[PDB]
Amino acid sequence: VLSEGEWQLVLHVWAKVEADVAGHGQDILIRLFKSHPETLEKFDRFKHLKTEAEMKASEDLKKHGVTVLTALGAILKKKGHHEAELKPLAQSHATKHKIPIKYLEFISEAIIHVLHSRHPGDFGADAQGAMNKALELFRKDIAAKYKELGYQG
Ligand code: COH
């Protein structure tokens, strides 16, 4: 459970991410794809992208980044009371998209890295610690739904 002070650090930086969701989304997905190439294979629509330049020029990739960040932002703003938003997501990622929990850990790492590159001032160690706890809570809650459905892993 994050404390009120920790949720405030998380949402204060998130408010900045919202100033340019598309730019942030693009940066995150590219970092994920370059650091863990196996993640790209889960996207039939992005499989054809071979270079970072191709990735940066893809409008469709940018649109998916807005989708991901908008859904995450909706969750974070719920401050832990996020059952209604989380279940649908866990269900589709477990049974339709077939995304192992480990990939959620990889995208969390990509988010933390990009938040650091873009907002050093609002993203020091304390905010970094609170964001990591928020992302862990997100994975933990998704992992429990995955286990119920038989996808733990
Ligand atoms: C490694 C792949 C990967 C990761 C880690 C990931 C991580 C996350 C994540 C964590 C921060 C969030 C908040 C979301 C949120 C979403 N993802 Co994904 N998804 C992933 C692969 C996918 C795929 C694949 C789809 C469908 C894309 C398509 O083909 O249109 C998807 C679709 C979605 C959608 C549209 C509705 C739905 O299909 O469920 C939302 C919202 N998501 N995703």
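Chain A is numbered as in Swiss-Prot; shown residues: 2-154, in order.
Cβ atoms are placed via backbone N, Cα and C, with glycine included.
The domain 'Globin' annotation in Swiss-Prot covers 2-148, and the record cites sequence analysis as its basis.
Long-range Cβ neighbours of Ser4 (phosphoserine) (same chain, at least 6 residues apart, Cβ-Cβ under 8 Å): none. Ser4 (phosphoserine) falls within neither a helix nor a strand when secondary structure is assigned with DSSP, and so counts as coil. Annotation source Swiss-Prot lists phosphoserine at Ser4, citing similarity to another entry.
Positions annotated as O2 binding site by Swiss-Prot, on the basis of experimental evidence: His65. Same-chain residues at least 6 positions away in sequence with a Cβ under 8 Å from that of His65 (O2 binding site) are, in sequence order, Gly26, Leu30, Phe44, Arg46, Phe47. Look at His65 (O2 binding site): DSSP puts it in a helix.
If you look up Swiss-Prot, you'll see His65 marked as nitrite binding site, on the strength of similarity to another entry.
The phosphothreonine annotation in Swiss-Prot covers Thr68. Within 10 Å of the C-beta of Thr68 (phosphothreonine) there are 11 other C-beta atoms, taking all protein chains into account.
Under 8 Å, Cβ to Cβ, and six or more positions away along its own chain, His94 (heme b binding site) finds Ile100, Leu105, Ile143. Positions annotated as heme b binding site by Swiss-Prot, on the basis of experimental evidence: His94.
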